[PDB]
Amino acid sequence: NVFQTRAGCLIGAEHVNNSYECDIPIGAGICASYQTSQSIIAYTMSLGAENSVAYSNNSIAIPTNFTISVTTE
Amino acid sequence: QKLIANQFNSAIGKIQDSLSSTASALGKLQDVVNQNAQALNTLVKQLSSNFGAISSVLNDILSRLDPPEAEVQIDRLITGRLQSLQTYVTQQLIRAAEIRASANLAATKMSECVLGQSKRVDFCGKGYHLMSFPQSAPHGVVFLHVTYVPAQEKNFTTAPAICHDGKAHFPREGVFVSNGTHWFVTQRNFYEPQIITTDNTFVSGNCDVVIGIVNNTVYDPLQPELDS
Amino acid sequence: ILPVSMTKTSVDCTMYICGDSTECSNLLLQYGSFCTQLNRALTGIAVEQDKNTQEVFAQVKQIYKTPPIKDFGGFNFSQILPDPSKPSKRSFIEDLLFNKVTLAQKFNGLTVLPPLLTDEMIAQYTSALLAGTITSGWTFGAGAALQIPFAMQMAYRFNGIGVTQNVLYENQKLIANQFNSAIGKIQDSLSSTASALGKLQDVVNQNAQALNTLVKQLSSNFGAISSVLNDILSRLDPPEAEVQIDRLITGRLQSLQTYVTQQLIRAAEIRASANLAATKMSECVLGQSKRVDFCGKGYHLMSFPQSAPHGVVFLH
Ligand SMILES: *[C@@H]1O[C@H](CO)[C@@H](O[C@@H]2O[C@H](CO)[C@@H](O)[C@H](O)[C@H]2NC(C)=O)[C@H](O)[C@H]1NC(C)=O
Ligand SMILES: *[C@@H]1O[C@H](CO)[C@@H](O[C@@H]2O[C@H](CO)[C@@H](O)[C@H](O)[C@H]2NC(C)=O)[C@H](O)[C@H]1NC(C)=O
Ligand SMILES: *[C@@H]1O[C@H](CO)[C@@H](O[C@@H]2O[C@H](CO)[C@@H](O)[C@H](O)[C@H]2NC(C)=O)[C@H](O)[C@H]1NC(C)=O
Ligand SMILES: *[C@@H]1O[C@H](CO)[C@@H](O[C@@H]2O[C@H](CO)[C@@H](O)[C@H](O)[C@H]2NC(C)=O)[C@H](O)[C@H]1NC(C)=O
Ligand SMILES: *[C@@H]1O[C@H](CO)[C@@H](O)[C@H](O)[C@H]1NC(C)=O
Ligand SMILES: *[C@@H]1O[C@H](CO)[C@@H](O)[C@H](O)[C@H]1NC(C)=O
Ligand SMILES: *[C@@H]1O[C@H](CO)[C@@H](O)[C@H](O)[C@H]1NC(C)=O
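Chains as they are written, first to last, in full-length UniProt numbering: chain D, 641 to 676, 689 to 725; chain Y, 920 to 1147; chain V, 726 to 828, 852 to 1064.
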């Protein structure tokens, strides 16, 4: 199986119309990953989940609860 | 208090388990060691190279060739090894500069996040910063940032101000919210409704200039007391 | 304006020094492992270049988008928000910045690799950041985004800089008009003047000059009869032909050494600039800063990021 990208061309991996997070970077927005079938797929990476706040000129959102988190650096 | 204590204990247990299970979290500290080991190994392995001479060992050359060209071979080896050492030293200098650049940031973080509380956004961990605890590590330091994150949201209907007697009342510290029928004033980071009164609001002129003002009664804590 | 990344370059060693010459490669093999250190250093530089952009821009968990109705209390953000009409989802000022920058052609063993993130992804990232800043304020930098009317957000900022909110609420039209006029003025200044983006053009010029010098170094005799490997091989007796070739090999190797060292130093400087840009994006944009002269002269209110070729642009 032969696939052509902007950073050369990839053989041995199949194209997918979906989009997921980047697992193994390749270049020009193309990331490859190991599906599950048990094959290797080359897709276009997705930046993140779509979201749209319900903005309005007289609407607010005030939290009613909290959570304490510990982060290691 | 009890809920926060339990959450902190659970977070500490969770990070301990995460460190105990996954071993790929210390890549930053391992990269320096691997790079230095590779540099030293390459520098050592560079010895066994002819560099254009007959042999890679000068003792063999001296024990087989007479001085007039043995010295030429030795000079070739000298040039090669000297330039290789030059390259290694330059690489070490650059890497040491990078490490010092990182150590300065580590010192700044230790001075600010640990010894005090930082208002710099996204400097001592995601969310609002509370405190930090330092932990040592081989050729490095590890911080445990403690942060505060709001959890469960709601929906309300705000208002920039409120008219009571033609005047305009603004919140001293907080916002005006409505649960559908009544109006309250609450702090901006935790839902805690309170009755609107002359202790949470300050007057500022008439109320035909503000855009979006909605009028409702404002309680006075003195009239009922004066009634008796 | 401040740069964030440089060109993603890589140069082959054997092809550069001994391009199509078996004898030259055989001679070069005697020098040890000098054909791998340069490749490793350039690979590290490339990975660092990718990481710089990945850490400067990718700071949003989701991809927010502005509501269709642009009712922001009189403010006008149409000059910075994305334009769906354009084939690429880039704003007006982003297009202006892209058209103000001008300028792989060599094939002596040198290649350039494309960046991991295309410009469309960078535009989407900046659009998400800007929409989050407009709609939710700074609450989207801590947890989930919380909607809030823009006038109330501006009142919060005014209270942040020690000015009572009734100052804003009773002058709203004046601040709206001043902000719109300022946006128009900066757009006109960017459109007219051309020397504002020197900090981004000089990096490209330096890289181009370095590559051009490295290529031009091929035509140096270095003390030999000629600068062509084939010419020396096809004319001279091999026992002295190899002696002549040694000088060329040494010269080209040391030239590669010099180029790699210069690239390393420049990459370190660019990394420092990228770290500064990331700090500014985290502080000025996702919140309000009390550090004097950090987010622009005067008391800081807020900021808007805009992308640029190999760099980022803030509007404090
Ligand atoms: C705020 O959130 C906390 C957890 O994040 C809630 O505490 C939990 O309450 C449930 C009761 O339904 C218990 O079963 C859990 O054990 C509690 N968790 C912890 C860690 O104590 C808390 O109830 C929430 N606040 C409100 C008002 O509901
Ligand atoms: C909005 O909040 C007010 C104040 O809490 C609510 O008014 C009270 O509602 C409870 C029942 O939920 C009654 O027992 C009280 O008598 C009400 N207060 C008064 C002074 O009459 C009101 O119901 C809330 N609105 C909604 C839609 O939940
Ligand atoms: C605040 O209350 C006043 C009543 O005192 C409302 O003013 C009335 O507005 C209507 C329509 O604009 C007029 O026809 C009346 O003559 C007004 N009354 C007075 C006494 O001036 C006002 O509408 C209220 N505020 C809001 C936002 O509705
Ligand atoms: C925000 O400003 C832009 C200026 O770029 C306005 O777009 C112009 O609007 C006028 C009408 O007042 C038109 O005559 C121009 O042709 C528009 N220019 C462009 C480039 O389209 C825009 O209208 C303003 N926003 C609002 C809500 O009016
Ligand atoms: C799905 O992918 C195939 C190639 O694998 C492509 O031919 C097809 O057009 C894609 N589907 C759509 C809707 O684009
Ligand atoms: C507030 O209402 C909007 C639409 O009315 C909704 O999309 C949003 O989820 C609501 N907020 C919460 C916290 O549920
Ligand atoms: C809010 O927007 C609505 C339109 O969606 C408009 O009718 C209303 O007057 C606006 N409120 C204010 C205070 O301007």
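No residue lacks a Cβ here, since even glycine has one placed at the ideal position from N, Cα and C.
### Query
Looking at the structure shown, is Y:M1050 part of a helix, part of a strand, or coil, going by DSSP?
In the second sequence, the residue the question calls residue 1050 of chain Y occupies position 131. Y:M1050 falls in the strand class under three-state DSSP.
### Message
Nearest by alpha-carbon distance to D:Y707: which of V:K790, V:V860, V:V826 is it?
### Response
Position 55 of the first sequence holds residue 707 of chain D. The shortest Cα separation from D:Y707 among V:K790, V:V860, V:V826 belongs to V:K790.
#### Entry: Candidates Y:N1023, Y:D979, Y:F970: closest to Y:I997 by CA position
Locating residue 997 of chain Y in the second sequence gives position 78, where the first residue counts as 1. The shortest Cα separation from Y:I997 among Y:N1023, Y:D979, Y:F970 belongs to Y:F970.
#### Entry: Chain-ordered chain Y contacts of V:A1016 [CB-CB under 9 Å]
As a position in the third sequence, residue 1016 of chain V is number 268, starting the count at 1. By Cβ distance, chain Y contributes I1013, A1016, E1017, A1020.
### Residue span of the beta strand (DSSP E) that contains V:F782, given as start and end
Your numbering for residue 782 of chain V matches position 57 in the third sequence. Residue range 762–782 is occupied by the alpha helix (DSSP H) that includes V:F782, with no beta strand (DSSP E) assigned at that position.
### Task
Name, in chain order, the residues that DSSP records as bridge partners for Y:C1043.
In the second sequence, residue 1043 of chain Y corresponds to position 124, counting from 1. Looking at the DSSP assignment, Y:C1043 forms no beta bridge with any residue, so it has no partner.
### Task
With a threshold of 6 Å, establish whether the CB of Y:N1135 neighbours any heavy atom of ligand 2.
If you number the second sequence from 1, residue 1135 of chain Y lands on position 216. Incorrect: Y:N1135 has no Cβ contact closer than 6 Å to ligand 2.
### Message
Does the CB of Y:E1092 have a neighbour CB from chain D at under 7 Å?
### Response
For this step, residue 1092 of chain Y is matched to residue 173 along the second sequence. Closer than 7 Å: no.
### Task
Could you work out which residues of chain D lie near V:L894, taking near to mean beta carbons separated by less than 9 Å?
Position 146 of the third sequence, counted from the first residue, corresponds to residue 894 of chain V. Here the neighbours are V705, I712, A713, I714, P715.
### Query
For Y:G999, which residues from the same chain have a beta carbon less than 6 Å from its beta carbon, with the 5 sequence-adjacent residues on both sides left out?
Numbered from its first residue, the second sequence carries residue 999 of chain Y at position 80. Answer for Y:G999: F970, listed in chain order.
### Task
Go ahead and label Y:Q1005 buried or exposed: buried means 16 or more other beta carbons lie within 10 angstroms of its beta carbon, across all protein chains shown.
For the purposes of this step, residue 1005 of chain Y is taken as the residue at position 86 of the second sequence. With fewer than 16 other Cβ atoms inside 10 Å of its own Cβ, Y:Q1005 counts as exposed.
### Query
When DSSP labels each residue in this structure, what does D:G669 get in the three-state scheme?
Working through the first sequence from its first residue, we reach residue 669 of chain D at position 29. The answer is coil: DSSP assigns D:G669 none of H, G, I, E or B.
### Query
Rounded to a whole number of angstroms, what is the C-alpha to C-alpha distance between D:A701 and D:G667?
Translated into positions along the first sequence, residue 701 of chain D becomes position 49. Translated into positions along the first sequence, residue 667 of chain D becomes position 27. Straight-line Cα distance between these residues: approximately 21 Å.
### Query
What's the gap between the Cα of D:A653 and the Cα of D:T696?
Within the first sequence, numbered from 1, the residue matching residue 653 of chain D stands at position 13. Within the first sequence, numbered from 1, the residue matching residue 696 of chain D stands at position 44. So the alpha carbons of these two residues sit roughly 13 Å apart.
### Task
Flag this pair as yes or no: are the beta carbons of Y:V1065 and Y:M1050 separated by less than 7 Å?
Residue numbering aside, residue 1065 of chain Y sits at position 146 when the second sequence is read from its first letter. Residue numbering aside, residue 1050 of chain Y sits at position 131 when the second sequence is read from its first letter. Taking 7 Å as the Cβ cut-off, Y:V1065 and Y:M1050 qualify as a contacting pair.
### Message
Given 6 Å as the limit, tell me if V:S810 has its C-beta closer than that to any heavy atom belonging to ligand 4.
### Response
Start at 1 with the first residue of the third sequence, and residue 810 of chain V comes out as number 85. Outside the cutoff, so no.
### Query
Could you give the C-beta distance for V:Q872 and D:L699, rounded to a whole number, given that I count them as a contact under 8 Å?
On the third sequence, position 124 is the one that residue 872 of chain V refers to. On the first sequence, position 47 is the one that residue 699 of chain D refers to. Contact annotation, V:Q872 with D:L699: C-beta distance approximately 6 Å; criterion of less than 8 Å satisfied.
### Message
Quick check on residue 860 of chain Y - is its C-beta less than 7 Å from some C-beta in chain V?
### Response
Residue 860 of chain Y lies beyond the residue range present for chain Y, which begins at 920 and ends at 1147; the question has no answer from this structure.
#### Entry: D:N717 Cβ short of 6 Å to ligand 6 heavy atom set
Residue numbering aside, residue 717 of chain D sits at position 65 when the first sequence is read from its first letter. No, the beta carbon of D:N717 sits no closer than 6 Å to any heavy atom of ligand 6.
### Query
Closest to V:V772 by CA distance: which of V:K854, V:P862, V:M1029, V:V1061 is it?
In the third sequence, the residue the question calls residue 772 of chain V occupies position 47. Ranking the options by Cα distance to V:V772, first place goes to V:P862.
### Buried versus exposed call for Y:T1120 [16 or more other C-beta atoms within 10 Å across all chains shown]
Here the question's residue 1120 of chain Y lines up with position 201 in the second sequence. By the 10 Å Cβ count, Y:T1120 comes out buried.
### Query
What does Y:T1066 reach in chain D if we use C-beta pairs closer than 9 Å?
The residue given as residue 1066 of chain Y occupies position 147 in the second sequence. Per Cβ cutoff of 9 Å: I720, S721, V722, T723.
### Query
Are V:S884 and V:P807 touching if we call contact CB-CB under 7 Å?
Indexing the third sequence from 1 puts residue 884 of chain V at position 136. Indexing the third sequence from 1 puts residue 807 of chain V at position 82. For V:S884 and V:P807, no; Cβs fall outside 7 Å.
### Query
Thinking C-alpha only, which one of V:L767, V:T739, V:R765, V:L763 is nearest V:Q755?
Numbered from 1 along the third sequence, position 30 holds the residue referred to as residue 755 of chain V. The option with the nearest alpha carbon to V:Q755 is V:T739.
### Task
Decide if V:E1031 is buried, meaning its Cβ has at least 16 other Cβ atoms within 10 Å, or exposed.
Here residue 1031 of chain V refers to the residue found at position 283 when the third sequence is read from its first residue. When all chains shown are included, V:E1031 counts as buried.
### Three-state secondary structure assigned by DSSP to Y:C1032
Here the question's residue 1032 of chain Y lines up with position 113 in the second sequence. Correct three-state label for Y:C1032: helix.
### Message
Between the alpha carbons of V:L1001 and V:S758, how many angstroms are there, rounded?
### Response
Position 253 of the third sequence, counted from the start, is the residue given in the question as residue 1001 of chain V. Position 33 of the third sequence, counted from the start, is the residue given in the question as residue 758 of chain V. V:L1001 and V:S758: Cα-Cα distance of roughly 12 Å.
### Message
As a quick check of your reading: which residues have a C-beta less than 5 Å from at least one non-hydrogen atom of ligand 5, in chain order?
### Response
The answer, residue by residue, is D:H655, D:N657.
### Message
Cβ closer than 7 Å: which chain V residues qualify as neighbours of D:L699?
### Response
In the first sequence, the residue the question calls residue 699 of chain D occupies position 47. Residues of chain V passing the Cβ test: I788, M869, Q872, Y873.
#### Entry: Where the alpha helix (DSSP H) containing Y:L959 begins and where it ends
Indexing the second sequence from 1 puts residue 959 of chain Y at position 40. DSSP places Y:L959 inside the alpha helix (DSSP H), whose first and last residues are 946–964.
### Query
Taking 7 Å as the CB-CB cut-off, is V:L938 touching chain Y?
For this step, residue 938 of chain V is matched to residue 190 along the third sequence. With 7 Å as the cut-off, V:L938 does not count as an interface residue toward chain Y.
### Message
Buried or exposed for Y:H1058, going by 16 or more other Cβ atoms inside 10 Å?
### Response
Taking the first residue of the second sequence as 1, we reach residue 1058 of chain Y at position 139. Y:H1058 should be labelled exposed.
### Query
DSSP three-state call for V:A903: helix, strand or coil?
Position 155 of the third sequence holds residue 903 of chain V. Three-state result, V:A903: helix.
### Message
Spatial neighbours of Y:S967 within its chain, please: C-beta separation below 8 Å, excluding the five flanking residues on both sides.
### Response
Residue numbering aside, residue 967 of chain Y sits at position 48 when the second sequence is read from its first letter. Residues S975 of the same chain have their beta carbon placed closer than 8 Å to that of Y:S967, with the five preceding and five following residues left out of the count.
### Query
How do the stretch 942–952 of chain V and the stretch 726–741 of chain V stand: do at least 3 beta-carbon pairs fall below 8 Å, yes or no?
Judged by Cβ distances under 8 Å, the stretch 942–952 of chain V makes contact with the stretch 726–741 of chain V, as three or more pairs qualify.
### Task
Confirm the yes/no value for this check: CB of Y:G1131, any heavy atom of ligand 7, distance under 6 Å.
Locating residue 1131 of chain Y in the second sequence gives position 212, counting from the first residue. Answer for Y:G1131: yes, Cβ within range of ligand 7.
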